[PDB]
Amino acid sequence: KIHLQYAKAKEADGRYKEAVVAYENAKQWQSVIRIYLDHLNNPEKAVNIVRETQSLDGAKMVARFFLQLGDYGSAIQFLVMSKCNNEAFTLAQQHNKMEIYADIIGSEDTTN
């Protein structure tokens with residue numbers, strides 16, 4: 001919580017130097033994602049928490065911004081749509097319909 005205090009303080013400045021530490025130490029994929037996706041935009045940065053700390057829908061912000069390509073149907077599942085059984089399945093249909101991309105989302109945990 002002390003780190004989160006310094007996080008709010010430096011956020012008022014704007015330097016995400018170690019505020020990501022301030023967040024993830026406080027177990028904030030929330031604040032990590034807010035700051036990085038807001039500025040860093042690094043898929044690896046958010047994917048850190050996404051693939052080792054189970055970041056929920058904060059990763060989904062990254063995909064919400066990065067789902068603007070033909071092969072980004074993987075991106076919709078690259079971040080796993082958080083917990084989603086048909087959101088990413090609607091996205092798989094959505095290309096025109098993408099059965100190949102649907103089974104691509106079926107690379108591990110197709111649908112639930």
# chains A, B, ... in the order shown; residues from 1 in each chain; ligands from 1
call {"tool": "residues_around", "arguments": {"residues": "segment 21-24 of chain A", "least_positions_apart": "6", "cutoff": "12 Å", "atoms": "only C-alpha atoms", "output": "list in words"}}
result
residues 1, 2, 3, 4, 5, 6, 7, 8, 9, 10, 11, 30, 31, 32, 33, 34, 35, 36, 45, 46, 48, 49, 50, 52, 53, 54 and 55 of chain A
call {"tool": "residues_around", "arguments": {"residues": "segment 102-104 of chain A", "least_positions_apart": "2", "cutoff": "8 Å", "atoms": "only C-alpha atoms", "output": "JSON list (two decimals) with N, CA, C and O atoms, in the first residue's frame"}}
result
[["chain", "number", "residue", "atom", "x", "y", "z"],
["A", 74, "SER", "N", -6.05, -14.14, -33.68],
["A", 74, "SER", "CA", -5.19, -14.70, -32.64],
["A", 74, "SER", "C", -5.06, -13.76, -31.45],
["A", 74, "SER", "O", -5.15, -14.19, -30.30],
["A", 89, "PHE", "N", -15.42, -16.23, -29.05],
["A", 89, "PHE", "CA", -16.04, -17.05, -30.09],
["A", 89, "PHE", "C", -16.86, -16.20, -31.05],
["A", 89, "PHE", "O", -16.89, -16.49, -32.25],
["A", 92, "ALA", "N", -14.35, -14.93, -33.24],
["A", 92, "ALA", "CA", -13.92, -15.94, -34.21],
["A", 92, "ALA", "C", -14.90, -16.01, -35.37],
["A", 92, "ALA", "O", -14.50, -16.03, -36.53],
["A", 93, "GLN", "N", -16.20, -16.04, -35.06],
["A", 93, "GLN", "CA", -17.19, -15.92, -36.12],
["A", 93, "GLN", "C", -17.03, -14.63, -36.91],
["A", 93, "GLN", "O", -17.29, -14.60, -38.12],
["A", 98, "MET", "N", -14.51, -17.35, -38.76],
["A", 98, "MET", "CA", -13.13, -17.84, -38.80],
["A", 98, "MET", "C", -13.03, -19.15, -38.01],
["A", 98, "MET", "O", -12.61, -19.17, -36.85],
["A", 99, "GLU", "N", -13.37, -20.24, -38.70],
["A", 99, "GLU", "CA", -13.26, -21.57, -38.11],
["A", 99, "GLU", "C", -11.80, -21.95, -37.90],
["A", 99, "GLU", "O", -11.45, -22.57, -36.90],
["A", 100, "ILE", "N", -10.95, -21.59, -38.86],
["A", 100, "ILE", "CA", -9.51, -21.76, -38.66],
["A", 100, "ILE", "C", -9.05, -20.92, -37.47],
["A", 100, "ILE", "O", -8.32, -21.41, -36.60],
["A", 106, "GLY", "N", -8.66, -22.49, -30.24],
["A", 106, "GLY", "CA", -8.55, -23.83, -29.72],
["A", 106, "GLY", "C", -7.15, -24.39, -29.85],
["A", 106, "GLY", "O", -6.96, -25.52, -30.32],
["A", 107, "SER", "N", -6.16, -23.62, -29.42],
["A", 107, "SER", "CA", -4.78, -24.10, -29.32],
["A", 107, "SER", "C", -4.50, -24.60, -27.92],
["A", 107, "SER", "O", -3.79, -25.59, -27.73],
["A", 110, "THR", "N", -9.94, -24.05, -26.09],
["A", 110, "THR", "CA", -10.77, -23.48, -27.15],
["A", 110, "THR", "C", -11.90, -22.64, -26.58],
["A", 110, "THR", "O", -11.92, -21.41, -26.71]]
call {"tool": "select_by_dssp", "arguments": {"residues": "chain A", "states": "alpha helix (DSSP H)", "output": "PyMOL selection string"}}
result
chain A and resi 2-13+19-25+29-35+43-52+59-66+72-78+87-94+99-105
call {"tool": "closest_residue", "arguments": {"among": "A:105, A:56, A:62, A:40", "to": "residue 77 of chain A", "atoms": "only C-alpha atoms"}}
result
A:105
call {"tool": "closest_residue", "arguments": {"among": "A:79, A:87, A:68, A:14", "to": "residue 108 of chain A", "atoms": "only C-alpha atoms"}}
result
A:79
call {"tool": "atom_distance", "arguments": {"atom1": "atom CA of residue 83 of chain A", "atom2": "atom CA of residue 67 of chain A"}}
result
17.1 Å
